[PDB]
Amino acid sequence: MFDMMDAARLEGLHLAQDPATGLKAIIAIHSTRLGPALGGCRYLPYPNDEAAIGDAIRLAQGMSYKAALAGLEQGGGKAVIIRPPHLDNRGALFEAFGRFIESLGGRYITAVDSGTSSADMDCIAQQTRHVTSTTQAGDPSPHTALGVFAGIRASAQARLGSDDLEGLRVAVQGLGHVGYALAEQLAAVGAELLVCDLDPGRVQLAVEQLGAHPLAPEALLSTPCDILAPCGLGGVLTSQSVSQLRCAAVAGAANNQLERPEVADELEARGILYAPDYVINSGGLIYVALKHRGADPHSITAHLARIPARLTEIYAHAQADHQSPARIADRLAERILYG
């Protein structure tokens, strides 16, 4: 596994296995230069171990970049639990996972992610305090939503010339907690709002309560609009979908929007501004992390307020270098993490 670690420049890898509870856990710690590593925990089926390990490692490197550009005193980590087929007692499984976390003594702080819920974080909390997004904690989705909204304002400024959004066509792909909250902000501002989601009744709510113009999901990604906001599954941007984009900029809340790093040059080569997902969507991370360390309230507002400004700066550097803003963000992150 050292080859995998070395390719990601991952500091440490930890595997725990416990047959009383069926726990098979991976905690990957990519960086702790800036602080303890924080990252969510996934509870998912996997074709095999090396896929689960590989997924934890790559995602943990993602967190280091996201935390580094959000200016936090936080490194990147990620946990992955391999979903059993049987499972008699989930909950007792997550209590073992919390003991696993404890054994690393605060080097890793956990969080929610695909397949886990604040329910499971409550069980984790029984065994360690290096956990966040408990049921007692908030739902941090609003902070993500407002961050991306700020970031869409900044992308329209850089790409179209004005940060005014009224009458702009903006397409919001996905109406989960974050996607709907973003759409709602967009309707209040008077954007021409286009929405899509797999749940037909989520779309109905957005048509009924936001005045959203509904679109089929296959059509949404290529409709002509000013700004496309991906807020669903990852990998939404492929070489294929980038060739059929009709927006002037891509700016959304979803994680891991780029299928491959190479796609960011396909976007720039078409002249479409791309807001690097891990910059524009960090609001949920900034709030959870600062609240978890008990930071000063002035510091929390200050960090959240910096997201659009960070985008502006990136956007300037990318212009000044005829480079994709994803390249600019990456190299910024590398210097912080590896300089």
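The first residue of the shown sequence is 1; numbering continues from there.
Look at the mean CA B-factor for 138-146 and for 89-97 in the entry; the higher one is 89-97.
Comparing 259-267 with 178-186, the stretch with the higher mean C-alpha B-factor in the PDB entry is 259-267. Within the group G75, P214, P217, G252, the record's highest C-alpha temperature factor is found at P217. When the C-alpha B-factors of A229, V80, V195, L198 are read from the PDB record, the largest value belongs to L198. Sorting the modelled residues of the chain by their CA temperature factor places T301 in the middle third. Sorting the modelled residues of the chain by their CA temperature factor places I328 in the middle third. Sort the chain's modelled residues by C-alpha temperature factor and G294 lands in the highest third, per the entry. Sort the chain's modelled residues by C-alpha temperature factor and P84 lands in the highest third, per the entry.
Placement of the Cα temperature factor of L44 within the chain: highest third of the modelled residues, per the deposited record.
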